Structures are given as structure tokens and as C-alpha cells.
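Below you'll find only one chain, the form deposited in one PDB entry, shown as C-alpha cells.
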């Protein structure tokens, strides 16, 4: 027992506005005093990204790839309002798009549950983790309105000599609408891999949802590639570990989500993931009670972040000297979930114990009535909430620092 000292290192992406502020409080108060982790720092503030012609962002991604883990603070993505504000050379791409592109992989969203902060769904006791496919179906599609009266025909034209195959879709008298969409086995397969690695690392069962009763070929491909991946590479490791993989109908699975206790990973196609993730987010509680984790298809590499933005509104108050009650636990959990993968890879059970301890201590802090404004709101209603009911960001972080201390001291020699 001394500062922990992991073998491998963590890649830290600093961000902007309110999250950078609390990110600093989190490091100084909750992490570095109790753990001795080697960091590789990269500053993804909007200033340094412009200054460097968005180069930090690329080198942050590659450093994540070499080290295997990265925590990442929320980051402003440029629009036209922000080019004027920050005086930007060009409208730089969203750092999340940039990093994902480079790393590849699939985002999984994990909520954080306390007993005293109720969910909107009375059955939910464990987390339901959605993993979204996120490489095109309707998101890479080609649509057009039909104004004339004509016929919609699909074609596949082999790259070799082979004969065209032509599909007669429909015949328009009055107007209408037409669409085409695609996916690739390479993307489906890599999605399945991330899901399987994710489920195995979390020791949770995995479900895939499709609508292969109606899209027999299109969704049947989804179902088949997952079944190929399971049998070949994962069934055994899953059985050993007390978990399983199952394909279900999207209809079945949204009812299962309503009905069930939770405790599973749920693989969703692009669209379903978009739609159902909003539903689940709402159901579980505040945006400050969920993290996003990108896992690569080999399962070796991981980027973790809070499932919210930089919370600009609360940054406008911080700048104007007002005290602020932004919920920090998504950010703190991003650090524990990051360090947990580090420890797991490195086989550093000591560090693992720290992440568990910290997460556990946060959950108790809230359960004893010490929480931020958003969470008081959930419990007591949008009104019945006075300043005394909640803590501000930093005195909340201090309240868990105090509770981490008690717990942190242990086995003193």
C-alpha cells in the first residue's frame, strides 16, 4: 500500500467549458491522491485544437490506440456560431467523429444507478447497455421523392463479367418516395466483435435485435454473422463465464426491455440504437448518470467519456461568478471505467480495487442524501427543490472525497 502505480498508461484528453473545470477538480481531489497512474496528456480544448489545426485530436486517437485506454473530457464540436466565437481558421470536425473513425469500434452506453434516485421504469434494477451499430443503413442511404409517374428498379452489377440482377420494386401513378440502403459484412462483423468483447469483459449476456421476420435477407445477415462469430470465437468463453448470446426480434426485445430487471448488453442496428438509446437515457435518469464507451473489435482498445456535452449553460454561470451544480459523476465514472480497463489489461488487481471502491463510494454518497441539483429534481420533483436540498459541484466532489478517504484507508500496516 502506497500510491498504486500501474504498468501501462492512460491517455487523457482534456476538453472545454464546464467539463474541463470539473475534470480538473476530479483529478486533483478523487484520482491522483489515491492512485499513481502514468498519464499521457493531450489538450483537446477548442483553443488548442484550432492552434494545432486539429492535430492534437489525431495524435490523441493514435496514443489511445498504442496505450489501449483513453479518458476524454467533453469537447465542443464546431458550428457557425462557434467559428465567430473562437475565431477558427476552419470549421473543424467533431473530435468524436475523428477519434471513432481512426479507432473503429462501437459505442456502448452504461447508466449509473442509485437506489434512492428512481428510474421511470419500475422494473429496472440493473443497467441495460445499448451498443449501436452506427455504420450506415438509413444513415448512408439514398432517398428521393418521386414527382413523375414511373418505376423504381434496383440493380446489382457484378464487378466481374456477371449478369445484372434486377429488382422490380414499385410502379408510381401519383407521387411517392423511394429509398436504397446497404451494409457490409466487414462492418457487421466488426460490430459483432465489439459487442462480444464488451459482453465478455462485463460478464453480461448479449442480445441482438433485428426484424428478420420481414427483412429476411437484410436482417438475416445480421443474425447470421453474429451466430458465426459466437460459435467460432465466443460461445465457449461465454459458457465458462456464466453468460450467453441470443438473437431476438426487435418487437420481443423492446418488450423485454420494459419487462426485465436488466443486466445485459443489447446490440441494436443503426436506427434502433438511435431510437432506443434516447428512450433508455430518459428512463434511467440524468444525463450526468451515464458514460459512453467505444470498444474496438479486437477488444483491446477503449475510449471512455461521459454521455453528455461540455454543458455550456452552466459554463456561462461559472464565468459570471455564480455557483453551479453540474452533476460530476458521469465524468468521475469515465475515469473509473477507463482505469478499470487499464487494470484489467495490466492485471493490476490493486488498481481495479481502487476503481470499484471509488464507484461504490460515489453510489453511497448519493444514497445518503448528498447529491447535485439534477438528482434532487428527479427524487423531489421539478419544484419542492430549494438550495438546501442539493450540493454544488465541488462540495459534492468534496463530500465524496471525504467518503473516499474513510474507505480508502485500509489494511494499514
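The term rigid core refers to the maximal set of C-alpha atoms that superpose within 1.5 Å between the two forms. Numbering follows the first chain given and starts at 1.
If you look for the form deposited in another entry, you will not find it shown, but the lines that follow are about it.
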Practice prompt. Tell which of 240, 115, 122, 87, after superposing on the rigid core, has its C-alpha displaced by 2 Å or more between this form and the one not shown, please.
Written response: 87
Discussion item. Is the shift of residue 138 between this form and the one not shown large enough to count as movement, that is, does its C-alpha move by 2 Å or more after the core is superposed?
Written reply: no
Worksheet entry | After fitting the core, residue 54 CA displacement of 2 Å or more between this form and the one not shown | yes
Fill in: Shift of residue 184 between this form and the one not shown at or above 2 Å (CA, core fit)
no
